[PDB]
Each structure stands twice: as structure tokens, then as C-alpha cells.
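Taken in order, these protein sequences are the chains called H, G, S and P.
One gets the entry's author numbering by counting positions in the first sequence from 1 and adding 568 to each.
One gets the entry's author numbering by counting positions in the second sequence from 1 and adding 722 to each.
One gets the entry's author numbering by counting positions in the third sequence from 1 and adding 954 to each.
One gets the entry's author numbering by counting positions in the fourth sequence from 1 and adding 491 to each.
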Amino acid sequence: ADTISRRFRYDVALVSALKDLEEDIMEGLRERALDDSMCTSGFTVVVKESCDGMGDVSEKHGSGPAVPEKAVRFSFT
Amino acid sequence: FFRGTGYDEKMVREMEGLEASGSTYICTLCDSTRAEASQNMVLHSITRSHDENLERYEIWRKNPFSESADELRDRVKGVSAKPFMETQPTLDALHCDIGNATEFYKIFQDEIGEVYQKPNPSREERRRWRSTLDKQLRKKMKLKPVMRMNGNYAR
Amino acid sequence: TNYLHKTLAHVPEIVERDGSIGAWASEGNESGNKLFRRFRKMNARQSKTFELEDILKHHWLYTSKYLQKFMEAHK
Amino acid sequence: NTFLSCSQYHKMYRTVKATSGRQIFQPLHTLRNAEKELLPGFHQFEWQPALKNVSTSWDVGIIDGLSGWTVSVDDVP
DNA sequence: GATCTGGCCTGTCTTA
DNA sequence: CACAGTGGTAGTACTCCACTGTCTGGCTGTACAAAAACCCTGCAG
DNA sequence: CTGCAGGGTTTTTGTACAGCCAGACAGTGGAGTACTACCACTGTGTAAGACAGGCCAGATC
Ligand SMILES: [Ca+2]
Ligand SMILES: [Ca+2]
Ligand SMILES: [Zn+2]
């Protein structure tokens, strides 16, 4: 189990980063002047996700376990 | 709706089982080899996706026709591993710009000297042509030489 | 090269399918790596056990919209 | 002492003044004249006896180290 | 002792 | 046809240092009424 | 029990006298104010793997 890793759960980070844009989603609803109480269930979200690695990330003494230098980062937008 | 597009070619080929990257099969979207893509450059159609790659790994593994290795590789068109993740069939911008910039940098280097008259030069003349190219680019375009072609030097 | 083929054969079909190319580029992650390095050096606990958690939390806080609304504060 | 960049500090100043200000922090152009005492070449001083091979001007700030190199091509560049 | 063929070796090309 | 920066300089734009009179908006002692919103009770299904 | 309707309750909402302070208005002459643009240039992109040719070494008749 050498590898150290940390991550949110996918759906939880999704709903938080989505509710954060509630300001701009409601302001777009008012700008287009669409109905508010009506047409609540017809939304559609398009999400770009990316993955990438990274070289020569130095490591530290710590207490273990031993770990490689390369790090990998998975992120979405 | 999810669209995985932020991968470089190394990782696009790893996550879809294709072999990488100086392979005979160059295109992640099309099935042409190196020869048929140097012959006809500008006519092709996108075929590759996730589901067909899964099915082609199945064909390569069950091998229902008892074909030899070298010809089963051509029948399955480069699928030697099982796809792990679905990525939309798209091109990456930044590494494409970088690839084309390194290609023109190599073309210019060939051009400084005469490469199409004397087809077999040595390493000495190659280093000399690169050196005079970098000196001339630094004198006018204001570009120090690079270890590896980053995006800004490519713009 | 495989990029010359990709850019001389498949570009019209790509820009027709979705409608954009550069908007789906890998820039967002490549440039985020810079933030990862500056958050592993300056803003995380200096230990092998805890430090990935600190980089993850601080990098999630830097990329919120609600906290970026106040940077302009209506000019 | 907090390693804040000038542009980041101006960002902080604008944000702290636009909301509820009542501005606290000073603008940049009053800082730029605030340190003209801390840097060299401000206080009056004098040696005795007068130094050898050193000019007596006491207001020389940041001087280029080349120290008058005759950049002309034929010499050592 | 001649011959033959598989595997060893090296250089170039590709994305990184 | 990335993108958020990096600090110094020149330029515009504005917001103020002093003299001045004038003006409106909003404070204070109770009195006087019009609306507010439940709650009672009154008369009716 | 429901529904509405005269009036009550207390509470608000405002106009009413009437004297009076605090800050904006005009201005000015210009100052120093404060906020913007312009200028070149940065960083995050970063290693093995595929393929063709030449050749040599050991096994076979
Ligand atoms: Ca990478
Ligand atoms: Ca990579
Ligand atoms: Zn193709």
C-alpha cells in the first residue's frame, strides 16, 4: 500500500462546486427573464474533466511509507 | 454530461489500451498506419471510441480465427489492452501547438544547411546548423535556446 | 508526426461535432500544477501524513467563485 | 515582512476600501516615497581623511556593477 | 567444417 | 487565437487644503388621526 | 363548527405646531490626490518505447 492519496467523494464535490455557482445561475435566470417557480427540473450541466501527472516532486523523510517522486492530479471543471 | 478532454496523448493511449506512441498506428481517432497517413494526408474519418475498443480487446483475447500474432495485431488495429476509462474523441490544443512548433524547428534546422542535396549528414554538421540557428534566432527574435519546447516559445 | 496528421485530417469534423477546440484544452490542469507546487511549499503542513489534505483543502478554497466575487467588490 | 507582492497588496487595499471603507491601508504611491529614508543614499555622512580612489558624493543609489566597461566589440566583452 | 537462422545491438523517430 | 500577473512611470481625473452665505434635512416637548391586524363579540349558514 | 361584520384592543405611521444644527452647494487655483494604461516578459507544460537494419553465435548436416 505504498501510495499516499487523498480525494473528495465525486458527487459531494460536484454538488458543492455546483451550489457555489447558485449566484450566477439565478442571475442568468433573471437576465433571460425565464420563469422561476416553473421549469425547475429541466437543467443540464456540461463538465470538462482533466487528468495529468507531474515530475520531480521531491519527497520528505517523515515516518513512511516510501513513496515515488512523481505525483498525479485528477481535477474537473 | 461528462467530457474527458484534458488528457495528453501518452495518457489517452494508456487509458484506452492502445500502444504508444511511436507506433505504426498514429491516430487515436482513425485507423490509418504511418504509411497510409503519409500517402494521403487530408482524407480520413473518425472511427475510434470506447465501446468498439472494448469489443476489439475481446476479439484480441478470445482470438476466434486462430491468427498469428503479427496479423491479429493488424486485424484488431492496435488494441492490445483493455480500456479502463472513456474519453471523448477530441484533440488537445496545447500539445498540438507544441508538436507543430518542434516540427517546424526541425525543418528550419534542415534548411539552414542543404539537406536535400546531401542526404546523409553527420552529427557534427547537425550540431553546427542548430548552433547557427539558435544564434540567429537570439540575435533578432530575442529567444534564448530551449531544453524542451514549452508553449510560450512555441507561440 | 501524429499531431500533423491530427491537425491536417480531423480538425473540421472536431470543430463541427462540439463547436470548439481550445475551450476544452488541457491548460486548466497544466497551469493548476503551478498552484499545486506553490501550495505544497508555502501552505501545507510539512509532514508526509497530513500534507496532501492541506494542499487539497487550500486548492479547493482558491478555486471557488463565491470567494472570488469579493476580489472586485463592484470596482 | 509578509512577502506580499505589490500588485497583491494593491488588490488587498482596493478590496478593503471598497467594502465598508473607511479605508485603512495606504495607497501604493505613498509607500513608494515612504522608504526613501530606509534605502541607501539618503543620510549625510563624511569620512576623514578623505577616502582614496572613492568619490565623495553621498547620494549614489543603485549603481551598475560593470563600473564603466567600454562595451566596444574588440575588447573582452 | 559450411550454413542458417534467431536473437542481440544500435540508431532514429515520437510523445513527454 | 491561455492568463493572471510584475513594478515603475506618465497622464488624466478627481477630490480635496482656504475664504462665504445659503439652503434643506432632520432632531425635539404632545396632539391628532389614519392605518394594522388580532381578538373579541354579534348575527347568520 | 364556518363565514363575515360593527366595534374593541394596542400599536403603528404620519402629519401636524415650533426652534435649530450638520452637512451639501459654488468656487478657485492648484495640489496632490488616486486610479488607470503601457511595457516586455514569466510559468505550468518534461522519458521510455516502437521499428528497421546489421550481424554474430550457436546449432545442424
Ligand atoms: Ca505532465
Ligand atoms: Ca504528462
Ligand atoms: Zn486519423
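Each residue gets a CB set at the ideal place from its N, CA and C atoms; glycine is no exception.
Query, Result
"Which residues bound the alpha helix (DSSP H) around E777(G)?", "772-784"
"On a Cα-Cα basis, can you pick out the residue from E789(G), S802(G), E793(G), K784(G) that is closest to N775(G)?", "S802(G)"
"According to DSSP, is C749(G) helix, strand or coil?", "coil"
"For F724(G), which three-state DSSP category applies?", "strand"
"Under a three-way DSSP split, which group does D792(G) fall into?", "helix"
"How about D730(G): is its Cβ closer than 6 Å to a heavy atom in ligand 2?", "yes"
"If you follow the alpha helix (DSSP H) that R991(S) is in, where does it begin and where does it stop?", "981-995"
"Are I829(G) and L855(G) close, meaning C-beta to C-beta below 7 Å?", "no"
"In three-state terms, what does DSSP make of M869(G)?", "coil"
"Taking only three categories from DSSP, how would you classify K616(H)?", "strand"
"In chain order, what residues of the same chain lie with their CB nearer than 6 Å to the CB of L816(G), ignoring the 5 residues before and after it?", "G873"
"Just how far apart, CA to CA, sit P633(H) and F990(S)?", "22 Å"
"Can you tell me whether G621(H) sits near ligand 1, meaning its C-beta is under 6 Å from at least one heavy atom of the ligand?", "yes"
"Determine the chain H residues that contact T750(G) at a beta-carbon separation under 7 Å, and present them in chain order.", "Under the 7 Å cutoff, chain H gives no residues; its nearest Cβ is about 15 Å from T750(G)."
"Buried or exposed for residue 685(G), please, with buried defined as at least 16 other CB atoms from any protein chain shown within 10 angstroms of its CB.", "Any property of residue 685(G) remains undetermined from this structure, which presents chain G solely from 723 to 877."
"Closer than 7 Å, Cβ to any Cβ of chain H: which residues of the segment 975-994 of chain S, in chain order?", "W978, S980, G982, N983, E984, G986, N987, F990"
"Taking 7 Å as the threshold (beta carbon to beta carbon), is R845(G) in contact with chain H?", "no"
"Taking the alpha-carbon positions, what's the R778(G) to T750(G) distance?", "14 Å"
"For ligand 3, list every residue whose C-beta falls under 6 Å from any of its heavy atoms, going in chain order.", "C749(G), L751(G), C752(G), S754(G), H766(G), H959(S), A963(S), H964(S)"
"For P636(H) and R994(S), I'd like the C-alpha separation in whole angstroms.", "16 Å"
"List the endpoints of the continuous alpha helix (DSSP H) containing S584(H).", "578-587"
"Pull up the distance between the alpha-carbon of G726(G) and that of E846(G), whole angstroms please.", "45 Å"
"Provide the residue span of the alpha helix (DSSP H) that contains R641(H), from first to last.", "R641(H) -> not in any alpha helix (DSSP H); beta strand (DSSP E) instead, spanning 639-644."
"Could you check the C-alpha separation between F494(P) and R513(P) for me, to the nearest Å?", "25 Å"
"Using only the alpha-carbon positions, how far apart do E590(H) and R600(H) sit?", "15 Å"
"Classify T608(H) as buried or exposed, calling it buried when 16 or more other Cβ atoms lie within 10 Å of its own Cβ.", "exposed"
"To the nearest angstrom, how far is it from the Cα of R574(H) to the Cα of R992(S)?", "18 Å"
"Given this structure, state the Cα-to-Cα distance separating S605(H) from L597(H), to the nearest angstrom.", "11 Å"
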